[PDB]
């Protein structure tokens, strides 16, 4: 689950995918169990350092494998600005969604 | 502190004398410093 | 001296003496010459792509880092700096 590959889907054959296992990142190990055991993702931003100039775009989709537990559309994020961006034009953690 | 190229700072600030303070307000997480906060967004009009 | 509004420079130094009859004796002069600055006729353009995405919209600076001398290109991003 830690690899690069061209995708096998019908229209993904020319799409280069970068896959990473969350379990293998050893994030849990950063803090002791005394601080709580339930550790869950709030939001992921994407940075592609110095890739694009001021008027250039990147087309890329970030997605989660086990999409089944998510609300529709929460399984994927649109990367386009490339500079610590997110899946929405305006990020607001105080929103209702 | 000085950091490596993509290094984060993990630290927990906590009140060891927890009493009548509402649940979870006894501690704060640090991710980077810079006048950091236990919230991703700090709002003094938060409501909690 | 060869004068100009910006600067004058010494061009010739000549040793001369005078004779009692109202005349002169000279030794050959020493000539000096300086580098000019005439972009009006000699400026030249060169395209470059070695600077990649460098601009002043995004987080880039032309800087004298780590040894300085000629400046390099500093790129800053969240949580990290990169440098050419």
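What follows is calculated from the coordinates using simple rules that are stated; it is not laboratory data. Note that each Cβ is placed from the backbone with ideal geometry, even for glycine, and that neighbours are counted across all protein chains shown.
Looking at the stretch C:1-46, I'd like the Rg to Rh ratio, where Rg is from alpha-carbon atoms and Rh is Kirkwood's inverse mean 1/r. It would help to have the intermediate numbers written out before the result.
Details: Rg = 17.8 Å, Rh = 14.0 Å.
Value, to two decimals: 1.28.
Under 20 Å from a label point 7 Å along Cα→Cβ of residue C:10: give me every residue in the stretch C:25-43 with its amide N that close.
Answer for this model: C:26-36.
In square nanometres, what is one fourth of the surface area of the convex hull spanned by the alpha carbons of the stretch A:1-86?
On the way: hull surface 30.5 nm².
The directionally averaged projection comes out at 7.6 nm².
What shape does chain C take by its C-alpha gyration tensor, where a ≥ b ≥ c are the square roots of the eigenvalues and a/c under 1.5 counts as rounded, a/b above b/c as prolate, and the rest as oblate?
Details: a/c = 5.48, a/b = 3.68, b/c = 1.49.
Here chain C falls in the prolate category.
Peptide C:69-80: average number of partner chain Cβ atoms within 10 Å per residue? If you can, show how the numbers build up before the last one.
On the way: counts 0, 0, 0, 0, 1, 0, 2, 2, 7, 7, 9, 7.
Partner-chain Cβ atoms within 10 Å, mean over residues of C:69-80: 3.
Just tell me how shielded A:7-15 is by partners: mean number of partner chain Cβ atoms within 10 Å of each residue's Cβ, no decimals. Each step should come with its number before you reach the end.
Values: counts 0, 0, 0, 0, 0, 0, 0, 0, 0.
Shielding by partners across A:7-15 averages 0.
Would you look at the GNM of chain A, springs on alpha carbons closer than 10 Å, and say which of A:82, A:53, A:73 moves the most?
Most flexible of the set in this elastic network: A:53.
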